[PDB]
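Here, residue 1 is the first one in the sequence, and each next residue gets the next number. All values below come from the heavy atoms of this structure, side chains included, with hydrogens, waters and symmetry mates left out.
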Amino acid sequence: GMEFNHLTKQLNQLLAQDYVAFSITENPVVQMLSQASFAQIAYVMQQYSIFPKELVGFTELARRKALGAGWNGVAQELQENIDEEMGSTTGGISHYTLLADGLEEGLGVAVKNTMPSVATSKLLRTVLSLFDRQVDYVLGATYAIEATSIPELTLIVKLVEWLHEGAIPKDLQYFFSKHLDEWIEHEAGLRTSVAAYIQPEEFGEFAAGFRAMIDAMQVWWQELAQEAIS
């Protein structure tokens with residue numbers, strides 16, 4: 001409702017004003033593109049790909065936290081999200097598979113065998129540590145994944161355009177088009193489902209969860225730029 005909408009608005013504003021990692025111009029990989037080779041940015045794409053690969057698993061941990069608190073509307077919204085991610089709207093082909101195949105066949109960049117870097121392993125450990133707090137904190141971290149989706153996606157488009165002479169191969173174009181579309185519908189669904197259960201005295205924990213996730217994510221882009229380019 002109105003109070004939760006007020007909090008979520010402030011959190012998005014914080015993301016948009018204070019975090020260079022999600023800026024299309026101030027992202028630390030983007031800032032070093034002039035100094036990078038094809039292979040170094042391919043390494044970036046490969047490491048990036050591990051987060052979509054592991055996203056269904058994290059969303060399932062959040063769904064189990066929701067169920068455990070009796071936040072049933074939220075466990076249902078998350079399940080519909082898990083179902084999309086695993087391929088309900090695309091005939092049983094996961095979003096990760098659509099991305100992986102799109103990068104390999106479109107760009108010549110293979111990601112399916114990628115092992116996590118030091119940075120990427122650090123992000124994974126941190127995220128799994130967050131998902132072991134209480135439901136309000138964990139849903140704030142889950143809401144951050146949603147709020148960063150469009151900024152993240154915009155970044156990946158630029159990296160794909162840089163790796164492929166400014167153009168977008170057909171399958172990656174499908175993938176970007178279906179996401180950067182409405183999904184708004186995704187954000188609203190999670191926001192309104194959580195507003196049905198969350199109390200004002202739990203807004204602090206929700207905001208701390210959110211902050212922890214965008215911190216971890218920004219640190220990852222920063223460390224990845226340092227691994228990859230210098």
Judged by modelled atom types alone, do [X] and [Y] share a side-chain donor-acceptor pair under 3.5 Å?
X: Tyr137; Y: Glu202; answer: no
X: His186; Y: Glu84; answer: yes
X: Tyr19; Y: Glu26; answer: no

Spell out, yes or no, whether [X] and [Y] are grouped together once hydrophobic residues are joined by side-chain heavy atoms under 4.5 Å, including indirect joins.
X: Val56; Y: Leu99; answer: no
X: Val20; Y: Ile150; answer: no
X: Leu55; Y: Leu61; answer: yes
X: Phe175; Y: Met86; answer: no

Next item on the list: Tell me, with the steps shown, if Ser230 and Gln226 meet side-chain hydrogen bond (donor to acceptor under 3.5 Å, both in side chains).
Entry: CA-CA 5 Å; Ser230 259; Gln226 176 71 22; over 6 Å; no

Margin query: Would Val44 and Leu224 count as a side chain to side chain contact (heavy atoms under 4.5 Å, CB included) here? Give the steps.
Written below: CA-CA 7 Å; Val44 169; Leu224 193 58; 4.0 Å; yes

Checklist line | Working for salt bridge (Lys or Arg N to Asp or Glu O under 4.0 Å), residues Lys158 and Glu161 | finding: CA-CA 5 Å; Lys158 194 180 170 58; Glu161 290 174 337; over 6 Å; no

Could you give the distance from [atom1] ([X]) to [atom2] ([Y]), rounded to the nearest 0.5 Å?
X: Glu146; Y: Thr8; atom1: CD; atom2: OG1; answer: 12.0 Å
X: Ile82; Y: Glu77; atom1: CD1; atom2: CD; answer: 11.0 Å
X: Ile229; Y: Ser34; atom1: CD1; atom2: OG; answer: 9.0 Å
X: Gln218; Y: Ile214; atom1: CD; atom2: CD1; answer: 8.0 Å
X: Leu123; Y: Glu54; atom1: CG; atom2: CD; answer: 10.5 Å
X: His6; Y: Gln10; atom1: NE2; atom2: CD; answer: 4.5 Å

Side-chain contact, heavy-atom cut-off 4.5 Å: [X] with [Y]?
X: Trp220; Y: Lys122; result: no
X: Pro200; Y: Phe4; result: no
X: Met32; Y: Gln35; result: yes
X: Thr90; Y: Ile93; result: yes
X: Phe51; Y: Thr120; result: no
X: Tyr96; Y: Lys112; result: yes
X: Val219; Y: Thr126; result: no
X: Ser23; Y: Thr25; result: yes

Notebook entry, point to check: If you measure from the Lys or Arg side-chain nitrogens to the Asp or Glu carboxylate oxygens, is any gap between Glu205 and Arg133 under 4.0 Å?
Noted result: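 Looking at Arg133 together with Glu205, the answer is yes, because their closest N to O distance falls below 4.0 Å.
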
Give me the atom names and distance for the closest heavy-atom approach of [X] to [Y].
X: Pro116; Y: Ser121; value: CB-OG, 3.6 Å
X: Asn27; Y: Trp221; value: ND2-CD2, 3.6 Å
X: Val135; Y: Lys65; value: CG2-O, 3.8 Å
X: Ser117; Y: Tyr43; value: CB-OH, 3.1 Å
X: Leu67; Y: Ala75; value: CD2-CB, 3.3 Å
X: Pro28; Y: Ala21; value: CD-CA, 4.1 Å

Do [X] side-chain atoms and [Y] backbone N/O form a donor-acceptor pair below 3.5 Å?
X: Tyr197; Y: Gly73; answer: yes
X: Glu227; Y: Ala119; answer: yes
X: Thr142; Y: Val138; answer: yes

Next item on the list: Please assess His179 against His95 for the test side chain to side chain contact (heavy atoms under 4.5 Å, CB included), listing each intermediate value before the final yes or no.
Entry: CA-CA 10 Å; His179 277 242; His95 289 7; 3.2 Å; yes

Margin query: Testing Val74, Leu139, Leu78, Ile198 one by one against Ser193 for a side-chain contact (heavy atoms from CB on, under 4.5 Å), which residue passes?
Written below: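 One option only clears the test, and that one is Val74.
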
Notebook entry, point to check: Hey, which of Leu163, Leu159, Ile168 is the one that makes side-chain contact (heavy atoms from CB on, under 4.5 Å) with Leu107?
Noted result: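 Output: one option passes, namely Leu163.
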
Notebook entry, point to check: Which is it for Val111 and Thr114 under the side chain to side chain contact (heavy atoms under 4.5 Å, CB included) test, yes or no, and what are the steps along the way?
Noted result: CA-CA 5 Å; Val111 309; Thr114 302; 4.2 Å; yes

Item checked: Test side chain to side chain contact (heavy atoms under 4.5 Å, CB included) applied to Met217 and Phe22, step by step -> CA-CA 9 Å; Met217 282 176 140; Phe22 308 106; 3.8 Å; yes

